[PDB]
Protein chains: 2
Amino acid sequence: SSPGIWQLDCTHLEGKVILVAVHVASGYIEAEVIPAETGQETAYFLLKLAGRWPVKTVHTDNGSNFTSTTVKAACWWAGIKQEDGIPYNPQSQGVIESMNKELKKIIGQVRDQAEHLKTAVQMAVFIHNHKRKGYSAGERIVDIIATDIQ
Amino acid sequence: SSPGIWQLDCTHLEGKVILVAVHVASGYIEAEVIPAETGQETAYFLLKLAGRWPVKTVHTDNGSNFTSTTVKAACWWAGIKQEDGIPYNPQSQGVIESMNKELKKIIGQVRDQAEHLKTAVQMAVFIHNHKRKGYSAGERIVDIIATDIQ
Ligand SMILES: O=C(O)CC[C@@H]1COc2c(ccc(/C=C3\c4ccccc4C[C@@H]3O)c2C(=O)O)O1
Ligand SMILES: O=C(O)CC[C@@H]1COc2c(ccc(/C=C3\c4ccccc4C[C@@H]3O)c2C(=O)O)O1
C-alpha cells in the first residue's frame, strides 16, 4: 500500500556498493555498504528492513535481485511482495538518480570524519532522514504509516 | 522524551554478541550481531539507529559504553543524550532480561532456517517487532512517535 512501498536502489562509491531502500511516499531511506550486490546481501538487507518497518512491497533495483531465489526467499520470509522496479512512472528514475547524487554529496561532506565508508554512509542516512525540506523524511514516514494504522 | 528514549542491551549467543536497542515506550527493537561489544561497534550501531529513528536519549547498557569516548563521539554526532542505564526503576532489568530470553527463544526457533546467526537475529527482530500482544511494537513505536510529532 503506499505506506508499505519501498524501492531498492544500488549505487557505487570507492569501489564499493551502497545498497539503499527508499520508502517511496516519504523519501526515508535505510542503507548499507556491502562488498558486492549479491542476492544474499540483498536478501539480508531486505530482512533487516522488513523487521524494522512495515514493508509490504519492494520494487527491486534490478532483474538479478528480482530473479534471485535468495531474494525471493527473503521476500517470502518477510511477507514482502517482490515487484520489479520498472519506472512505469519515469519520474522514479530521476528521483532515484538525484537521491544517489545527494547521498554521495553528503558522504563526501562527512567522509573525513570517519575512517570507514560504512560509517560515512550511515552519517549520510542520518542527515538525509533528518533533513527538513518543513517536515523530515523521518517524520513523513512515521506520519504516513501512523495515518495508515489509524 | 518518552518517544525518544532508547535502551541499549547486550546479550550473548554462540560465543557472539547481540547488541540490541529497545525503544522503551513501545518495546520495538533493532539488533545486530557483532564479534565483541566495543565502543566502536556500539558507536556505529547507535549512529545507524539514530539515522533511522528519532533517538533523543540512549540509556547505555554498561559503564564501558557509557565511558567510551567513541560512544560519546557517536552520541554527540547523532544528537543523542547519552545516559546511564541504571535501573532506578527495578522493573527495567526484568523487562530487559525477559526480552533477551524471548529473543534467544525466537533465534532458536528460526536458527535452522539460516546458516548464519546474524540472519537468525534479524528474523528474531522481525518476529519481535511484528508480534501482536492487539498492537505490535512496530505499530506502537510509529503511533507514539506520530502522536509526539503532532
Ligand atoms: O565493525 C563494524 O561494524 C564497523 C565498525 C565501525 C568502524 O568505523 C567506525 C566505527 C565507529 C566509529 C567510527 C568513528 C567515528 C564515528 C562513528 C559513529 C558516529 C560518529 C563518529 C565520528 C567518528 O569519526 C568509525 C570510523 O572511523 O568509520 O565503527
Ligand atoms: O554478508 C552479509 O552482510 C549478510 C550475509 C547474510 C548472512 O547469511 C545469509 C544471507 C542471506 C540469506 C541467508 C539465508 C536465508 C534468508 C535470509 C533472509 C531471509 C530469509 C532467509 C531464508 C534463508 O535461510 C543467509 C543465511 O543462510 O544465514 O546473507
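In what follows, chains carry the letters A, B, and so on, assigned in the order in which the sequence lines appear, proteins first and then strands, with residues in each chain numbered from 1. Just so it is clear, the values below take in all heavy atoms, side chains as well, and ignore hydrogens, waters and symmetry mates.
Take B:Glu14 and apply the side chain to side chain contact (heavy atoms under 4.5 Å, CB included) test, not counting sequence neighbours, and it matches B:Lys16, B:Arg111, B:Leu117. Applying the ring pair (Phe, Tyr, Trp, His ring centres under 6.0 Å) rule to A:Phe126 yields the partners A:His130, B:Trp77; only residues at least two apart in sequence or on another chain are considered. Not a single side chain to side chain donor-acceptor pair (under 3.5 Å) links B:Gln82 to another residue, sequence neighbours left out. Considering only residues two or more places apart in sequence or on other chains, A:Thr11 meets the side chain to side chain contact (heavy atoms under 4.5 Å, CB included) condition with A:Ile18, A:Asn100, A:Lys104. Taking A:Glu32 as the reference, A:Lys48 meet the salt bridge (charged side-chain N to carboxylate O under 4.0 Å, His left out) condition, with sequence neighbours excluded.
Separation of atoms NZ (A:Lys105) and CD1 (A:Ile127) is listed at 12.0 Å; rounding is to 0.5 Å. Rounded to the nearest 0.5 Å, atoms CD (A:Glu41) and CG (A:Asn65) are 10.5 Å apart. Between atom CD1 of residue A:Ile80 and atom CG of residue A:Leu49 there is a gap of 7.0 Å, rounded to the nearest 0.5 Å. In this structure, the separation between CG on B:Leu46 and CD on A:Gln122 is 12.0 Å, given to the nearest 0.5 Å. Considering CD of A:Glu83 and NZ of A:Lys56, their distance stands at 8.5 Å, rounded to 0.5 Å.
A donor-acceptor pair is defined here as one N or O able to donate and one able to accept, closer than 3.5 Å; no such pair exists between the side chain of A:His23 and the backbone of A:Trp6. Under a 3.5 Å cut-off, the side chain of A:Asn129 and the backbone N or O of B:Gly51 do form a donor-acceptor pair.
Residue pairs meeting the ring-ring contact (aromatic ring centres under 6.0 Å, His included) criterion with at least one member in residues 93-121 of chain B, sequence neighbours excluded, do not occur.
More than 12 heavy atoms of other residues, nucleotides or ligands shown are found within 6.0 angstrom of CD on B:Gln150.
A:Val71 and A:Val58 fall within the same hydrophobic cluster, defined by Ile, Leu, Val, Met, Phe, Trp and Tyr side-chain heavy atoms under 4.5 Å apart, directly or through other members. Hydrophobic clustering of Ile, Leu, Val, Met, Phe, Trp and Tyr side chains at less than 4.5 Å, counting indirect connections, unites B:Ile141 with A:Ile149.
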